[PDB]
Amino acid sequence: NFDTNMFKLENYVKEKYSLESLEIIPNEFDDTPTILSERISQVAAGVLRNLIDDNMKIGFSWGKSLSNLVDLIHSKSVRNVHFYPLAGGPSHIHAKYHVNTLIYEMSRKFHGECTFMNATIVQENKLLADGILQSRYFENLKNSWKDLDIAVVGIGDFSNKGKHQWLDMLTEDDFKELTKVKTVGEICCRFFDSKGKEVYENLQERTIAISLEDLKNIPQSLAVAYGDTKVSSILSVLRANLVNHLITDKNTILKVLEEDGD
């Protein structure tokens, strides 16, 4: 039985990576990219709406997967919900995909109070980054990263198209150093290797984002991510248990398993 076998595969992958929650969307022969993105987005929207309750502190990252779920999610009457940025995205992405846009849109549907990301995601040096992170003005947001209830995040790859979004944010030298340490992907604008470790410390210390340490201790952290170019990145995130709830498609998770088996 098809639906049963899907459940078996879900449980298999959850136990394999010690992943708390997982939805695997089936791929259909008649799919277009649009239809597949709708199917994944609707599942994700339903899942998130059910997670949202009164009094919760919810962090968002940036990007298409998130924008697509936000477009579909149904409003709900909850009290005292607060939305925060986990990380600003890079500079030239669609306004629709910007963290502050997503927080605003979610605020409309869940009538929440909003904190926005004002600082650029990568600073020139550690002194400038620390000046922001350690500031009196930034303290509320810094503290809030330590006690979020839910995080909602996409996962980026470090393929040519993945590096694209970062072209005017990271320097030529940043890219060289990231490539030297075999970067495979990013989450919350932090770059990791094949085991989900944040290897390049110089950029790590210049980045205005939640730490991986704080991300990975959020009670419910939902990543929505799929596609062949994302298999290595998803496997890294699973390996390091960076999030505890993943929504992806069957084609992607089978490739993750195959790569892990290598």
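All residue numbers are counted from 1 along the displayed sequence.
S.K.: Averaging the C-alpha B factors as listed in the entry, name the stretch that ends up higher: 239-247 or 6-14.
M.R.: Mean C-alpha B-factor is greater for 6-14.
S.K.: Mean Cα B factor from the PDB record: higher for 109-117, or higher for 93-101?
M.R.: Taking the mean C-alpha B-factor of 109-117 and of 93-101, the larger value falls to 93-101.
S.K.: Reading the B-factor column of the entry, which of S233, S221, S211, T32 has the highest value at its C-alpha atom?
M.R.: Within the set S233, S221, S211, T32, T32 shows the top C-alpha B-factor.
S.K.: In this PDB entry, which of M169, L141, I73, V152 has the top CA B-factor?
M.R.: Of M169, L141, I73, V152, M169 has the highest C-alpha B-factor.
S.K.: Comparing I187 with the other modelled residues of its chain, is its CA B-factor in the lowest, middle or highest third?
M.R.: Bottom third by C-alpha B-factor.
S.K.: Using only modelled residues of the chain, where does the Cα B factor of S67 rank: lowest third, middle third or highest third?
M.R.: For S67, whose C-alpha B-factor we compare with every modelled residue in the chain, the answer is the middle third.
S.K.: Lowest, middle or highest third: which one holds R49 when the chain's residues are ordered by CA B-factor from the entry?
M.R.: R49: CA B-factor falls in the middle third of its chain.
S.K.: Within this chain, which third does the Cα B-factor at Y226 fall in: lowest, middle or highest?
M.R.: Its C-alpha B-factor, which the entry lists for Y226, ranks in the middle third among residues of this chain.
S.K.: Divide the modelled residues of the chain into thirds by Cα B-factor and specify which third, lowest, middle or highest, holds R136.
M.R.: Middle third, going by the recorded CA B-factors of the chain.
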